[PDB]
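Student: Mind having a look at this structure? Questions to follow.
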Amino acid sequence: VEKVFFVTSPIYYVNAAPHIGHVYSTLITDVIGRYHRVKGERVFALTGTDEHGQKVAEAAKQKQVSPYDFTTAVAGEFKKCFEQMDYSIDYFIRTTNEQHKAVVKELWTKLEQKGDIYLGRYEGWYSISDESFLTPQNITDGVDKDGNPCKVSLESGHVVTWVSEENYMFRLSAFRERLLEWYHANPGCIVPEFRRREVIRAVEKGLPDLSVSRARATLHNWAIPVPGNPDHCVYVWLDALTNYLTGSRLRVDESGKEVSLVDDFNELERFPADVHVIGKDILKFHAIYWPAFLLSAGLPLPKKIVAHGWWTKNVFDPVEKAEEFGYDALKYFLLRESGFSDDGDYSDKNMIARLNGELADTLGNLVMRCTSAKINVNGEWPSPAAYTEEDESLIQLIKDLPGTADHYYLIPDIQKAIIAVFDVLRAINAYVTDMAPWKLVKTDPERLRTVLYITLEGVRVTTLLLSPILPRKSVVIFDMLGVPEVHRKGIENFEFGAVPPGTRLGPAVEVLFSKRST
Ligand code: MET
């Protein structure tokens, strides 16, 4: 089915200024979006801010300023951070937005009409910092920041409190079987697999009903009112999750402002999300609550939820590191250094180790070799002679790469996609070392044509598949190689030989990645 490829980040709480967690989550969203764009697909990538709730209102109170000002300020800081980080996100949604509120009311009303919301009580533990209902089995002993004996969340370690409120309740328990059906009929819908198994175990154990409203006093009146009952406010998570539906219905002008909210999601061909990028901290909300609401409303379910090993919500300022080491290089590091775990060091030592080893010595070095006036004397893509068996072994690696990288990108598993490309980059280097084209300029010009052509084509194809990771440096590489704009995109240009011999290199200047001291 030809739709617009719809990829989302989580919308982030605005109690705190943007930090690495949000930058990471949004980077993953950005890269997926970019890969589908290089593949020639229509893409709508979404990110934003989660502005309502007790948590934010209390953070505004601490800073001594109104919630409206506070959210607008911090939202602004987030907007600036993502511009600074050089993403290509199609739209930035805010839950304070009027059109968003409309969609929340629409969805609430649908759920109520369908018999799935009732008036009840929630009596139990609650983490305000996670905005999460917790059972007794998920709390434990700990300290508040006075240093006194309190209860804290097993999930997060944040301070929990007992809540006894009359609340609108969503009948989540009535959706246990349909959710389990969904997980089994769609075994790739939650990634990575061990997190998919975690969700399934939880839902197999049983589901309580979910409190979807809170009394307005408790939220400091900083939330969306329940339709037909202004004493209650909508649960910041139903509010929050609904951003995805809202985003799928907004028309956006060339400057990135929302101009129109369409009635039917099908008009824009975005809903449901093809990929939801989230941290492991919010898995239950996206894999249990969210599809249950969609099932109730008769709305389509997302295709994939990918949960990474970071708690999205000792300084590590990404804007600071990007200025020291390069923007693309930092993005490369974050995506290369860890797959689905915290485990993998985020040290200057290892950052330099990858910058030097992979970006400079593997990729950078190879680009200079195949473009230098020393080796490539005519400044062009030469026409190759006959291929040896060793030539063909390298060519096969280059030919097989796009299909392999495609699968990894679609999982999605961006670390594996990068490793797959660099495996081919390592191989190309080995080939160049073996063939020694610097010697071949004098000895065997006919052979050099073949060696150089293969190297150039390897560098192009690898660079194309790396262009979602290194969006700026890929443009620099393509300019040096002299690759016409039209060949920097599309599935057709994944194929070997797409740039013809005789193509002239771009003018010389420079380095791509400068090595750094240890
Ligand atoms: C609908 S995604 C909500 C994410 C949440 N605001 C967080 O910061 O974890």
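The chains in the structure tokens are called A, B, ... from first to last as shown; in each chain the residues are counted from 1, and the ligands are counted from 1 in the order shown.
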Mind listing the helix (DSSP H, G or I) residues of range 234-439 of chain A, per DSSP on the backbone, as JSON, numbers by chain?

Tutor: {"A": [236, 237, 238, 239, 240, 241, 243, 244, 245, 246, 247, 248, 265, 266, 267, 280, 281, 282, 283, 284, 285, 286, 287, 288, 289, 290, 291, 292, 293, 294, 295, 296, 297, 318, 319, 320, 321, 322, 323, 324, 325, 327, 328, 329, 330, 331, 332, 333, 334, 335, 336, 337, 348, 349, 350, 351, 352, 353, 354, 355, 356, 357, 358, 359, 360, 361, 362, 363, 364, 365, 366, 367, 368, 369, 370, 371, 389, 390, 391, 392, 393, 394, 395, 396, 397, 398, 399, 400, 401, 402, 403, 404, 405, 406, 407, 408, 409, 410, 414, 415, 416, 417, 418, 419, 420, 421, 422, 423, 424, 425, 426, 427, 428, 429, 430, 431, 432, 433, 434, 435, 437, 438, 439]}

Student: Using C-alpha atoms, can you write the selected residues to a file as a tab-separated table (two decimals), in the first residue's frame?

Tutor:
chain	number	residue	atom	x	y	z
A	236	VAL	CA	-1.42	13.72	30.27
A	237	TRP	CA	-0.56	10.37	28.57
A	238	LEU	CA	-3.81	10.08	26.52
A	239	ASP	CA	-3.26	13.75	25.66
A	240	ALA	CA	0.41	12.98	24.90
A	241	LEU	CA	-0.03	9.79	22.86
A	243	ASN	CA	-0.03	13.85	19.26
A	244	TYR	CA	0.67	11.12	16.72
A	245	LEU	CA	-2.93	11.20	15.50
A	246	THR	CA	-2.95	15.02	15.52
A	247	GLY	CA	0.33	15.19	13.58
A	248	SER	CA	-1.00	12.85	10.94
A	265	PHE	CA	-6.60	11.05	8.65
A	266	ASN	CA	-6.74	9.28	5.25
A	267	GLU	CA	-6.58	12.65	3.48
A	280	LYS	CA	12.64	1.93	26.95
A	281	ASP	CA	11.11	4.08	29.72
A	282	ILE	CA	7.77	4.57	27.83
A	283	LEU	CA	7.25	1.16	26.29
A	284	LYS	CA	4.05	0.21	28.12
A	285	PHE	CA	2.33	3.45	27.13
A	286	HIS	CA	3.14	2.87	23.40
A	287	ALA	CA	2.75	-0.94	23.23
A	288	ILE	CA	-0.24	-1.46	25.56
A	289	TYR	CA	-2.24	1.74	26.15
A	290	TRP	CA	-1.84	3.34	22.73
A	291	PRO	CA	-2.96	0.35	20.62
A	292	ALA	CA	-5.85	-0.26	23.07
A	293	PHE	CA	-7.15	3.29	22.51
A	294	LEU	CA	-6.81	2.80	18.76
A	295	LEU	CA	-8.63	-0.55	18.91
A	296	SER	CA	-11.49	1.10	20.88
A	297	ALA	CA	-11.72	4.00	18.43
A	318	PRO	CA	25.60	17.34	22.46
A	319	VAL	CA	25.78	20.85	20.96
A	320	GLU	CA	29.15	21.32	22.73
A	321	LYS	CA	30.59	17.99	21.51
A	322	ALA	CA	29.32	18.61	17.97
A	323	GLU	CA	31.27	21.92	17.92
A	324	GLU	CA	34.46	20.12	19.08
A	325	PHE	CA	34.29	16.95	16.91
A	327	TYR	CA	28.00	17.34	13.84
A	328	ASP	CA	27.93	14.31	11.51
A	329	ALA	CA	30.74	12.68	13.52
A	330	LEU	CA	28.81	12.90	16.78
A	331	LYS	CA	25.68	11.55	15.10
A	332	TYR	CA	27.80	8.72	13.70
A	333	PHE	CA	29.19	7.99	17.18
A	334	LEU	CA	25.82	7.85	18.96
A	335	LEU	CA	24.31	5.56	16.34
A	336	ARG	CA	27.42	3.40	16.00
A	337	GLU	CA	28.41	3.13	19.68
A	348	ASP	CA	36.06	11.45	24.64
A	349	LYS	CA	38.58	8.60	24.38
A	350	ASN	CA	36.19	6.35	22.44
A	351	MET	CA	34.67	9.25	20.47
A	352	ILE	CA	38.18	10.09	19.19
A	353	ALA	CA	38.88	6.36	18.71
A	354	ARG	CA	35.92	6.07	16.28
A	355	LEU	CA	36.42	9.48	14.64
A	356	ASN	CA	40.06	8.52	13.89
A	357	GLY	CA	39.71	4.81	13.16
A	358	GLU	CA	36.44	4.68	11.22
A	359	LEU	CA	35.63	8.17	9.91
A	360	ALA	CA	39.18	9.33	9.11
A	361	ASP	CA	41.29	6.18	8.47
A	362	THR	CA	38.60	3.99	6.94
A	363	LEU	CA	36.22	6.42	5.15
A	364	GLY	CA	38.18	9.68	4.88
A	365	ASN	CA	41.47	8.12	3.76
A	366	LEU	CA	39.68	6.15	1.06
A	367	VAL	CA	37.96	9.24	-0.37
A	368	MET	CA	41.29	11.08	-0.65
A	369	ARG	CA	43.04	8.08	-2.32
A	370	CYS	CA	40.46	7.66	-5.10
A	371	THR	CA	40.27	11.46	-5.76
A	389	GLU	CA	38.28	-12.70	-9.61
A	390	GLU	CA	39.52	-10.40	-6.80
A	391	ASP	CA	37.78	-7.42	-8.46
A	392	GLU	CA	34.57	-9.47	-8.65
A	393	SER	CA	34.69	-10.44	-4.98
A	394	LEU	CA	34.75	-6.76	-4.02
A	395	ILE	CA	32.07	-5.88	-6.60
A	396	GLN	CA	29.79	-8.56	-5.15
A	397	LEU	CA	30.16	-7.04	-1.67
A	398	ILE	CA	29.22	-3.64	-3.09
A	399	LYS	CA	26.26	-5.11	-5.01
A	400	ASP	CA	24.98	-7.04	-1.99
A	401	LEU	CA	25.30	-4.09	0.41
A	402	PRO	CA	22.12	-2.12	-0.42
A	403	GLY	CA	19.84	-5.12	0.19
A	404	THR	CA	21.56	-5.87	3.49
A	405	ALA	CA	21.60	-2.24	4.63
A	406	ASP	CA	17.92	-1.93	3.59
A	407	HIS	CA	16.90	-4.82	5.81
A	408	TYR	CA	18.81	-3.36	8.79
A	409	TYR	CA	17.32	0.13	8.23
A	410	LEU	CA	13.82	-1.38	8.05
A	414	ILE	CA	20.79	1.57	12.55
A	415	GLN	CA	23.94	0.29	14.30
A	416	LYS	CA	23.88	-2.86	12.15
A	417	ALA	CA	23.27	-0.81	9.00
A	418	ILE	CA	26.41	1.22	9.77
A	419	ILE	CA	28.51	-1.85	10.58
A	420	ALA	CA	27.38	-3.43	7.30
A	421	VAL	CA	28.56	-0.41	5.30
A	422	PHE	CA	31.86	-0.13	7.12
A	423	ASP	CA	32.52	-3.87	6.58
A	424	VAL	CA	32.45	-3.03	2.86
A	425	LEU	CA	34.56	0.10	3.47
A	426	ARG	CA	37.19	-2.06	5.28
A	427	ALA	CA	37.15	-4.47	2.33
A	428	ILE	CA	37.61	-1.65	-0.21
A	429	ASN	CA	40.60	-0.36	1.75
A	430	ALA	CA	42.12	-3.85	1.86
A	431	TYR	CA	41.64	-4.11	-1.92
A	432	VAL	CA	43.33	-0.73	-2.51
A	433	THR	CA	46.26	-1.73	-0.28
A	434	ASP	CA	46.50	-5.06	-2.12
A	435	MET	CA	46.36	-3.44	-5.60
A	437	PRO	CA	47.17	1.99	-7.39
A	438	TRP	CA	49.91	4.54	-6.54
A	439	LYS	CA	52.37	2.00	-8.06

Student: May I have a table of the residues of chain A lying at most 6 Å from ligand 1, giving each one's closest pair of atoms and their distance in Å to one decimal, counting only C-alpha atoms and all ligand atoms, ordered by chain and ascending residue number, as JSON lines?

Tutor:
{"residue": "A:10", "atom": "CA", "partner": "ligand 1", "partner_atom_place_in_ligand_line": "2 (S)", "distance": 4.0}
{"residue": "A:11", "atom": "CA", "partner": "ligand 1", "partner_atom_place_in_ligand_line": "2 (S)", "distance": 4.7}
{"residue": "A:12", "atom": "CA", "partner": "ligand 1", "partner_atom_place_in_ligand_line": "8 (O)", "distance": 3.8}
{"residue": "A:13", "atom": "CA", "partner": "ligand 1", "partner_atom_place_in_ligand_line": "8 (O)", "distance": 4.1}
{"residue": "A:50", "atom": "CA", "partner": "ligand 1", "partner_atom_place_in_ligand_line": "6 (N)", "distance": 4.8}
{"residue": "A:240", "atom": "CA", "partner": "ligand 1", "partner_atom_place_in_ligand_line": "1 (C)", "distance": 4.2}
{"residue": "A:241", "atom": "CA", "partner": "ligand 1", "partner_atom_place_in_ligand_line": "1 (C)", "distance": 3.7}
{"residue": "A:313", "atom": "CA", "partner": "ligand 1", "partner_atom_place_in_ligand_line": "8 (O)", "distance": 5.7}

Student: Those same residues - C-alpha atoms - I'd like them written as a PDB file, in the first residue's frame.

Tutor:
ATOM      1  CA  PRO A  10       8.363  10.809  21.515  1.00  0.00           C
ATOM      2  CA  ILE A  11       7.068  14.249  22.484  1.00  0.00           C
ATOM      3  CA  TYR A  12       9.253  15.375  25.386  1.00  0.00           C
ATOM      4  CA  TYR A  13       8.308  16.773  28.781  1.00  0.00           C
ATOM      5  CA  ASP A  50       4.541  17.255  25.985  1.00  0.00           C
ATOM      6  CA  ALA A 240       0.406  12.979  24.897  1.00  0.00           C
ATOM      7  CA  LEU A 241      -0.029   9.791  22.858  1.00  0.00           C
ATOM      8  CA  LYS A 313      14.075  11.527  30.445  1.00  0.00           C
TER       9      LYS A 313
END

Student: Just the number, please: distance in Å from CA of residue 29 in chain A to CA of residue 5 in chain A, one decimal.

Tutor: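 These atoms are spaced 11.8 Å apart.
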
Student: Counting only C-alpha atoms, figure out which residue out of A:106, A:344, A:275, A:47 gets nearest to residue 412 in chain A.

Tutor: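 Once distances to residue 412 in chain A are computed over only C-alpha atoms, the minimum belongs to A:275.
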
Student: Would you list the contacts of range 501-510 of chain A as number ranges by chain, taking every protein, DNA or RNA residue within 9 Å and counting only C-alpha atoms, but skipping same-chain residues closer than 2 positions in sequence?

Tutor: A: 371-372, 378-384, 453, 478-484, 497, 499, 512

Student: Could you tell me how far CA of residue 52 in chain A lies from CA of residue 262 in chain A, in Å and to one decimal?

Tutor: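 Taking CA of residue 52 in chain A as the start and CA of residue 262 in chain A as the end point, the length is 23.4 Å.
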
Student: Just to confirm, what's the straight-line distance from CA of residue 57 in chain A to CA of residue 15 in chain A in Å (one decimal)?

Tutor: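 Computing it gives 8.2 Å between the two atoms.
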
Student: Using only C-alpha atoms for the distances, tell me which of A:123, A:193, A:317, A:112 is nearest to residue 171 in chain A.

Tutor: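 Ranking A:123, A:193, A:317, A:112 by distance to residue 171 in chain A, first place goes to A:112.
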
Student: Run DSSP on the backbone and tell me which residues of range 244-330 of chain A come out as strand (DSSP E); list them as a list in words.

Tutor: residues 250, 251, 252, 258, 259, 260, 261, 275, 276, 277, 278, 279, 304, 305, 306, 307 and 308 of chain A

Student: Please produce an output containing N, CA and C atoms for each residue in the selection, written as a PDB file, in the first residue's frame.

Tutor:
ATOM      1  N   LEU A 250      -2.375  17.281  10.374  1.00  0.00           N
ATOM      2  CA  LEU A 250      -2.002  18.677  10.169  1.00  0.00           C
ATOM      3  C   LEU A 250      -1.362  18.893   8.804  1.00  0.00           C
ATOM      4  N   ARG A 251      -1.897  19.848   8.042  1.00  0.00           N
ATOM      5  CA  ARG A 251      -1.212  20.407   6.873  1.00  0.00           C
ATOM      6  C   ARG A 251      -0.209  21.461   7.315  1.00  0.00           C
ATOM      7  N   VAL A 252       0.986  21.420   6.730  1.00  0.00           N
ATOM      8  CA  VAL A 252       2.101  22.260   7.170  1.00  0.00           C
ATOM      9  C   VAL A 252       2.650  23.053   5.975  1.00  0.00           C
ATOM     10  N   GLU A 258       1.851  24.827  11.333  1.00  0.00           N
ATOM     11  CA  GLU A 258       0.546  24.177  11.126  1.00  0.00           C
ATOM     12  C   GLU A 258      -0.483  25.171  10.585  1.00  0.00           C
ATOM     13  N   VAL A 259      -1.113  24.837   9.458  1.00  0.00           N
ATOM     14  CA  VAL A 259      -2.116  25.730   8.845  1.00  0.00           C
ATOM     15  C   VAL A 259      -3.565  25.201   8.846  1.00  0.00           C
ATOM     16  N   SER A 260      -3.758  23.893   8.991  1.00  0.00           N
ATOM     17  CA  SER A 260      -5.080  23.312   8.802  1.00  0.00           C
ATOM     18  C   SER A 260      -5.127  21.901   9.395  1.00  0.00           C
ATOM     19  N   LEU A 261      -6.189  21.596  10.141  1.00  0.00           N
ATOM     20  CA  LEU A 261      -6.411  20.263  10.695  1.00  0.00           C
ATOM     21  C   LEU A 261      -7.496  19.572   9.893  1.00  0.00           C
ATOM     22  N   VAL A 275       6.868   3.768  11.931  1.00  0.00           N
ATOM     23  CA  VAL A 275       7.790   3.573  13.067  1.00  0.00           C
ATOM     24  C   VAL A 275       7.542   4.603  14.175  1.00  0.00           C
ATOM     25  N   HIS A 276       7.388   4.102  15.395  1.00  0.00           N
ATOM     26  CA  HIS A 276       7.397   4.913  16.591  1.00  0.00           C
ATOM     27  C   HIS A 276       8.741   4.702  17.288  1.00  0.00           C
ATOM     28  N   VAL A 277       9.589   5.729  17.301  1.00  0.00           N
ATOM     29  CA  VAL A 277      10.854   5.691  18.060  1.00  0.00           C
ATOM     30  C   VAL A 277      10.593   6.158  19.489  1.00  0.00           C
ATOM     31  N   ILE A 278      10.933   5.320  20.470  1.00  0.00           N
ATOM     32  CA  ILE A 278      10.806   5.654  21.890  1.00  0.00           C
ATOM     33  C   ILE A 278      11.970   5.129  22.704  1.00  0.00           C
ATOM     34  N   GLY A 279      12.180   5.705  23.880  1.00  0.00           N
ATOM     35  CA  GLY A 279      13.091   5.118  24.862  1.00  0.00           C
ATOM     36  C   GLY A 279      12.403   3.980  25.587  1.00  0.00           C
ATOM     37  N   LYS A 304       5.382  -0.586  13.568  1.00  0.00           N
ATOM     38  CA  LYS A 304       6.522  -0.905  14.409  1.00  0.00           C
ATOM     39  C   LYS A 304       6.651   0.118  15.528  1.00  0.00           C
ATOM     40  N   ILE A 305       6.998  -0.370  16.726  1.00  0.00           N
ATOM     41  CA  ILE A 305       7.512   0.457  17.828  1.00  0.00           C
ATOM     42  C   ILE A 305       8.955   0.013  18.067  1.00  0.00           C
ATOM     43  N   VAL A 306       9.911   0.936  17.990  1.00  0.00           N
ATOM     44  CA  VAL A 306      11.308   0.624  18.305  1.00  0.00           C
ATOM     45  C   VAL A 306      11.686   1.321  19.603  1.00  0.00           C
ATOM     46  N   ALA A 307      12.140   0.541  20.583  1.00  0.00           N
ATOM     47  CA  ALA A 307      12.493   1.047  21.911  1.00  0.00           C
ATOM     48  C   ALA A 307      13.990   0.919  22.148  1.00  0.00           C
ATOM     49  N   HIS A 308      14.676   2.043  22.338  1.00  0.00           N
ATOM     50  CA  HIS A 308      16.147   2.064  22.525  1.00  0.00           C
ATOM     51  C   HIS A 308      16.542   2.110  24.000  1.00  0.00           C
TER      52      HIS A 308
END

Student: Leaving out range 30-32 of chain A and any residue of its chain fewer than 3 positions from it, which residues lie within 10 Å of it when counting only C-alpha atoms, given as a PyMOL selection string?

Tutor: chain A and resi 5-9+24-27+35-37+43+45-47+86-90+275+277+331+335+409-410+412-414+466-471

Student: Can you tell me, as a PyMOL selection string, what residues are no more than 7 Å from range 163-170 of chain A when counting only C-alpha atoms, ignoring any on the same chain fewer than 4 positions away?

Tutor: chain A and resi 116-126+209-214

Student: For residue 115 in chain A, which residue among A:146, A:187, A:65, A:174 is the nearest when counting only C-alpha atoms?

Tutor: A:174

Student: Any idea what's packed within 12 Å of residue 498 in chain A, counting only C-alpha atoms, ignoring anything in its chain fewer than 6 positions away? Could you give it as a compact mmCIF listing (two decimals) with N, CA, C and O atoms, in the first residue's frame?

Tutor:
# COMPACT_ATOMS: atom_id res chain seq x y z
N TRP A 381 36.11 9.61 -13.47
CA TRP A 381 35.77 8.20 -13.33
C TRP A 381 36.29 7.45 -14.57
O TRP A 381 35.72 7.61 -15.65
N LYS A 399 27.59 -4.78 -4.50
CA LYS A 399 26.26 -5.11 -5.01
C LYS A 399 25.30 -5.64 -3.94
O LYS A 399 24.10 -5.36 -3.98
N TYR A 453 38.16 2.65 -10.77
CA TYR A 453 36.72 2.65 -10.99
C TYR A 453 35.98 1.92 -9.88
O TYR A 453 34.99 2.42 -9.36
N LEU A 456 36.07 3.99 -6.62
CA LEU A 456 35.14 5.12 -6.73
C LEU A 456 33.69 4.68 -6.56
O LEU A 456 32.93 5.33 -5.85
N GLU A 457 33.32 3.58 -7.22
CA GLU A 457 31.96 3.08 -7.14
C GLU A 457 31.64 2.51 -5.76
O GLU A 457 30.51 2.66 -5.28
N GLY A 458 32.61 1.89 -5.12
CA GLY A 458 32.45 1.42 -3.76
C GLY A 458 32.22 2.58 -2.81
O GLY A 458 31.35 2.53 -1.94
N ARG A 460 31.08 5.59 -3.54
CA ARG A 460 29.77 6.19 -3.83
C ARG A 460 28.63 5.44 -3.18
O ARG A 460 27.77 6.06 -2.54
N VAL A 461 28.60 4.11 -3.37
CA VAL A 461 27.50 3.28 -2.89
C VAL A 461 27.49 3.25 -1.37
O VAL A 461 26.43 3.37 -0.77
N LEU A 464 26.30 6.73 -0.20
CA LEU A 464 24.86 6.85 -0.38
C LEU A 464 24.11 6.22 0.79
O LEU A 464 23.27 6.85 1.41
N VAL A 483 29.53 13.47 -8.33
CA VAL A 483 28.33 12.68 -8.58
C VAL A 483 27.19 13.67 -8.85
O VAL A 483 26.88 14.49 -8.00
N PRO A 484 26.58 13.60 -10.04
CA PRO A 484 25.41 14.44 -10.29
C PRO A 484 24.30 14.27 -9.23
O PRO A 484 24.06 13.15 -8.75
N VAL A 486 21.14 14.02 -9.30
CA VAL A 486 20.18 12.95 -9.60
C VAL A 486 20.63 11.55 -9.14
O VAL A 486 19.79 10.73 -8.79
N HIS A 487 21.95 11.30 -9.11
CA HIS A 487 22.51 10.02 -8.63
C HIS A 487 22.76 9.91 -7.11
O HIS A 487 23.28 8.89 -6.64
N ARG A 488 22.34 10.89 -6.35
CA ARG A 488 22.50 10.89 -4.93
C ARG A 488 21.22 10.47 -4.25
O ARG A 488 21.07 10.64 -3.10
N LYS A 489 20.29 9.94 -5.01
CA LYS A 489 19.04 9.56 -4.49
C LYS A 489 18.38 8.50 -5.31
O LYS A 489 18.69 8.33 -6.44
N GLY A 490 17.46 7.79 -4.69
CA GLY A 490 16.67 6.76 -5.32
C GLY A 490 17.23 5.39 -5.30
O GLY A 490 18.39 5.22 -5.28
N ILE A 491 16.37 4.41 -5.35
CA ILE A 491 16.73 3.01 -5.35
C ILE A 491 17.47 2.65 -6.59
O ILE A 491 18.27 1.77 -6.61
N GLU A 492 17.16 3.35 -7.64
CA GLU A 492 17.89 3.09 -8.88
C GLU A 492 19.40 3.32 -8.72
O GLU A 492 20.19 2.65 -9.38

Student: Return the single residue from A:301, A:136, A:272, A:81 that is closest to residue 183 in chain A, with distances computed using only C-alpha atoms.

Tutor: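 Distance minimum relative to residue 183 in chain A lands on A:301.
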
Student: Name the closest residue to residue 222 in chain A among the candidates A:234, A:299, A:452, A:134; distances are taken between atoms, counting only C-alpha atoms.

Tutor: A:234
